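Let's start with one chain on its own, the form deposited in one PDB entry, as structure tokens.
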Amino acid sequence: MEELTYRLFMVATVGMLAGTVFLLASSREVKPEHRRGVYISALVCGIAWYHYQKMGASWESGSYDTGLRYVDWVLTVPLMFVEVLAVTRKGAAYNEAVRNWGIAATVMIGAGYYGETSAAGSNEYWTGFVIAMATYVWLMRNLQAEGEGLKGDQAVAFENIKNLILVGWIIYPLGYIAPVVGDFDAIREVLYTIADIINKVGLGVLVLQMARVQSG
């Protein structure tokens, strides 16, 4: 799966760029007070575009490791929560959640990286997973409660935003745990790549759809 993994990096790079340019162009189709999440979403795909180029160059040099993705994640995961809050909150409530959810997301990714950079199945490996998993659940529970105030088309549009994250992000912990049950190292990189594309481009598209409802 070496050639597939490398070819998927290039596919992701084009995919992230495609998402970046699509969101930047479509940003004026929504009213200015609803554009911030669209801009953030494009920034998200653009950072991922930048990193997937870096990871492909790393793979050609023969020096890649799974820890290279974490540089991406530590920036974009907090920004993805921000692009969701950008469309669901305002004022003091927005500032508090951005801080709190962004701290939690950073802790989740850092704890993951701690466990990632040790032997599969070591104590550091399990320590990282438990801390990251706890922050993951806290985040998903907070995301579920976020829709509890919406109504009408906004609730429908937010349900799609919520469900993409709830469903699409499961692959990340699953991929982390799999190498302790079998030889899943190669497939973990293939699936993370595909998932990053769906999750970043897809979330941007759904945030844009939500900004469309808010402007219409």
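By rigid core we mean the largest C-alpha set that fits within 1.5 Å across both forms. One-based numbering along the sequence shown.
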{"query": "Between 20-28 and 202-210 (mean CA B-factor, as deposited), the higher", "finding": "20-28"}
{"query": "Comparing 167-175 with 53-61, the one whose average Cα B-factor in the PDB entry is higher", "finding": "53-61"}
{"query": "Top Cα B factor in the deposited entry, candidates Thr135, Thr88, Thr76, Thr106", "finding": "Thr88"}
{"query": "Within-chain third of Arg36 by Cα B-factor, per the entry", "finding": "highest"}
{"query": "CA B-factor ranking of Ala111, expressed as a third of its chain", "finding": "lowest"}
{"query": "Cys45 - which third its CA temperature factor falls in, relative to the rest of the chain", "finding": "lowest"}
{"query": "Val190 CA temperature factor, ranked by third within the chain", "finding": "middle"}
{"query": "Entry-reported Cα temperature factor of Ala119, expressed as the chain third it lands in", "finding": "highest"}
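One more form of this protein exists, namely the form deposited in another entry; it is left out here, but the text below deals with it.
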query	finding
Which of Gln154, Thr66, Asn160, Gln53 is displaced between the shown form and the other one by 2 angstroms or more at its C-alpha, rigid core aligned	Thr66
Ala105 C-alpha relocation of at least 2 Å between the shown form and the other one, rigid core basis	no
Rigid-core frame, C-alpha of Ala86, shift of 2 angstroms or more between the shown form and the other one	yes
